[PDB]
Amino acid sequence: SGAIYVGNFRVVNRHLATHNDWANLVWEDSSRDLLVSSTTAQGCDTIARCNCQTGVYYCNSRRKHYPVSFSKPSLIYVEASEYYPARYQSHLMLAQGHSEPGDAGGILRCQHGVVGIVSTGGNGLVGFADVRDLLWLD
């Protein structure tokens, strides 16, 4: 849990990447909070080929799946944290919803497969990093 496994790729929040992720690095983007590493096993997930703006994600802090409506991906100014300085984060989709420390990594899904992964939140919002344009994963 906390990652998307598609083909021979593992997709994780960049800020949560492991040593083994970096050893097997395929691609990373700080402005998206995304990192993709190589795997030895084939993954089970599918990347949604769609423009759905409703779906379900897993919330780690509640151990529950929740339905969610979220904005189209956008450039969003995200305030400083112990993970990044204040910056523009692109590809970020916002929903009203619960979040707490440790929720980053929860996978957002629709009928077409994986849509994104929890990256940010606060002030009553949850921000998901969209992955649907990374067509090279699938």
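Throughout, we count residues from 1 along the sequence that is shown.
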Next on the checklist: Please compare 18-26 with 117-125 and name the stretch with the higher mean C-alpha B-factor in the deposited structure.
Outcome noted: 18-26
Checklist entry - Got a sec? Mean C-alpha B-factor, which is higher, 82-90 or 59-67? => result 59-67
Checklist entry - Quick one: which of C44, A104, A48, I76 has the biggest Cα B-factor according to the entry? => result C44
Checklist entry - Should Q96 be placed in the lowest, middle or highest third of its chain by the C-alpha B factor in the entry? => result middle
Item to check | Within-chain third of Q53 by Cα B-factor, per the entry | outcome: middle
